[PDB]
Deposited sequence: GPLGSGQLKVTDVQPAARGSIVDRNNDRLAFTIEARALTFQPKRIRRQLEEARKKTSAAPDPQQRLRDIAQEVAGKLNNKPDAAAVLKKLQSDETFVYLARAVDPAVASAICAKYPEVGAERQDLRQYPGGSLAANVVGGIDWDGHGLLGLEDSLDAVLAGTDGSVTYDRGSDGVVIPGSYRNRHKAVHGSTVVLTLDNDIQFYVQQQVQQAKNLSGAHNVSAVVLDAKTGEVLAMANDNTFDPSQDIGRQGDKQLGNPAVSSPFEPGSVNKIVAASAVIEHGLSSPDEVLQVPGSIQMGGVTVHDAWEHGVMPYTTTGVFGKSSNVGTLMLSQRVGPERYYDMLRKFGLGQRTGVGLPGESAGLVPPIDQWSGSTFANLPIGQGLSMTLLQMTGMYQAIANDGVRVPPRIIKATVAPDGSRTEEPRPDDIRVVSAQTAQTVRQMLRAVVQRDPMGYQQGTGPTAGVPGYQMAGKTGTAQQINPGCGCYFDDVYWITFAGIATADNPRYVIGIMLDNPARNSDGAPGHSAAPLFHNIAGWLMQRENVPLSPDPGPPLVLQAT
């Protein structure tokens, strides 16, 4: 009487298979879900239940599309459609492996990374350490990561958030990259006191240097020029506090305090990246807006759907969101080259010189954010999220890379420190090499 729908498969943008079903026998005939790559992208793909329906991940959230509908006799069986992801399996495999050995080397609790296509915001790689293997029983893997923290697990971004302040002061004509400023070692603002992570008297930092050296005081002084209302607007336009609509189960919206609810001290914390939370995808999505000449395209992981006959429907593209002008975006890309610039005399070195790749205009921002102590309701003093986000390249944006490390003891390469910059170096460099992309004057971060 019953005519079974054949489960559709999940494939990457080039039709490389991630999940597919084959026929077998045992309740006599029995279909088997194959995952040829094992843990590859299984944070996204998910896994199967005993009945052959989705258990978690996209297998679950797109089950209706993938399972089809059983026929009868007369009602035709509707076989499952094939789901085409924006993932590139080669990029995903490299990134997923590098994320695991950044976790091993740095001693972090966990590590995640997102690679977006610069122009479309398509998700080319999304990875966390400790990924489960859906070709194996779920009950054996309680020590594994079974979900997708890159979309589900918000954190406070720290100084990586300073892209919002940089974007607002340039977009509103309030400063320029070469403006020589006067930055004291500390400021009192909205009832509180904010220090730079190093002691110093008044320094002649350029606006470029404020972001290249990651001066909190400099950032807040420039943010005073913007004001809370224009700053909050830009937060919202960069997409923070809102789900992206990426097409993955369990996405978190993050948290941005509405302006009508700020305390006297909110404006002293938000521009430097404390007092708000975002997912790794939102964070990378911010840098995609600047990479795409100021036009934010919400990220997407589903590329198209293929019906059982073989006809393909592309996923509808989300609408553009103009965050800043193309002129603003290009100026911010160039300023962020200062973060990766080297200077043996020290004066003109950014915070992330190991993130630079010689021959390329790499641009990015380093981050360190205190986590909240569960037992006191107050910040830990030596527990941090380490963040990095960057663009390959500033003059030719192709890839946007976002990284977070949960409280590492060392760099992502295993050297002393607490920086995600070497992980960005590895990934962005490998992306340039494999596409055979071929190879000006130093930026001024500090006047005299």
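J.: Can you list the gaps, in order, where the deposited sequence has no modelled residues?
T.: Since the structure holds only modelled residues, the stretches it omits are 1-11, 38-119, 167-183, 550-553.
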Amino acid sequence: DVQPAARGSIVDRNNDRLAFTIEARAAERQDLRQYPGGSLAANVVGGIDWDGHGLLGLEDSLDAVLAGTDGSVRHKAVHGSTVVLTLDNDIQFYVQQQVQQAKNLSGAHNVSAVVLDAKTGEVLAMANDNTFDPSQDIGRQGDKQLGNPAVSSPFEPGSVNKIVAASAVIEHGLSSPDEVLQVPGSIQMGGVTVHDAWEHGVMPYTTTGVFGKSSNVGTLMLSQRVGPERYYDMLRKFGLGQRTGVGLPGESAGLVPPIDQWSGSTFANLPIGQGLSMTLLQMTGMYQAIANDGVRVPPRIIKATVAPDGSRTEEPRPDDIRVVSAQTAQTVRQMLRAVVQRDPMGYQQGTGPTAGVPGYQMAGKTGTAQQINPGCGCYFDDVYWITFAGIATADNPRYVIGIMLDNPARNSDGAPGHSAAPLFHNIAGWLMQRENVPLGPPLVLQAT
From here on, numbers count along this sequence of modelled residues.
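J.: Return whichever of 242-250 and 196-204 has the greater mean Cα B factor according to the PDB record.
T.: Taking the mean B-factor of the alpha carbons in each, 196-204 is higher.
J.: Return whichever of 147-155 and 184-192 has the greater mean Cα B factor according to the PDB record.
T.: Taking the mean C-alpha B-factor of 147-155 and of 184-192, the larger value falls to 184-192.
J.: Per the entry's Cα B factor values, which of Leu105, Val114, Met278, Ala77 stands out as the maximum?
T.: If I rank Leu105, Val114, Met278, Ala77 by C-alpha B-factor, first place goes to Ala77.
J.: Identify, among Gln98, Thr366, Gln361, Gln141, the residue whose C-alpha carries the highest B-factor in the deposited PDB entry.
T.: That would be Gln141, according to the entry.
J.: Sorting the chain's modelled residues by C-alpha B-factor, tell me whether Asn407 ends up in the lowest, middle or highest third.
T.: It falls in the middle third of the chain.
J.: Considering only modelled residues of the same chain, in which third does the CA B-factor of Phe388 rank: lowest, middle or highest?
T.: For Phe388, the deposited C-alpha B-factor lands in the lowest third.
J.: Which third of the chain does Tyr347 land in by C-alpha B-factor: lowest, middle or highest?
T.: CA B-factor rank for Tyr347: highest third.
J.: Taking the chain's C-alpha temperature factors as the reference, tell me which third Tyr94 falls into: lowest, middle or highest.
T.: Within its chain, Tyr94 is a lowest-third residue by C-alpha B-factor, going by the deposited values.
J.: Rank-wise, by C-alpha B-factor, drop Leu235 into the lowest, middle or highest third of its chain.
T.: Middle third of the chain for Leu235's C-alpha B-factor.
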